[PDB]
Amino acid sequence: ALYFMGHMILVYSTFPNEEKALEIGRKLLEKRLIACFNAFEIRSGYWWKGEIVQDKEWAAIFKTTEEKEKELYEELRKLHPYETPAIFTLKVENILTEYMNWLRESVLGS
């Protein structure tokens, strides 16, 4: 069909700056752990040492297959500059079939 459930996963994480986000995205592509990344600038807020702080970071969504999830989490844990980084996966319900094929081809290998 034009689209189907597929087996894509979307992993999200945030980084201290544009440079680090792009560098890690590139390293993940080199290892065929992701087929593509989309990064964007964000303003964040959270608790830190008893106070609410404002921060500027770069978020990134990583697109890959379910088969690469474990490896992706391990590589992100390896490369992340933060001690306790935000790393979580969102549920993908459907995906354009041709794109799913491209994702699969893009992550074939190591």
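Heads up: residue numbers just count along the shown sequence, starting at 1.
Of the two stretches examined, 9-17 and 97-105, the record assigns the greater average C-alpha temperature factor to 97-105.
Highest C-alpha temperature factor among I42, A39, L28, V53 per the entry: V53. Ranked against the other modelled residues of its chain, the C-alpha B-factor of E57 as given in the entry falls in the lowest third.
Residue-level temperature factors show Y46 in the lowest third of its chain, judged at the C-alpha atom.
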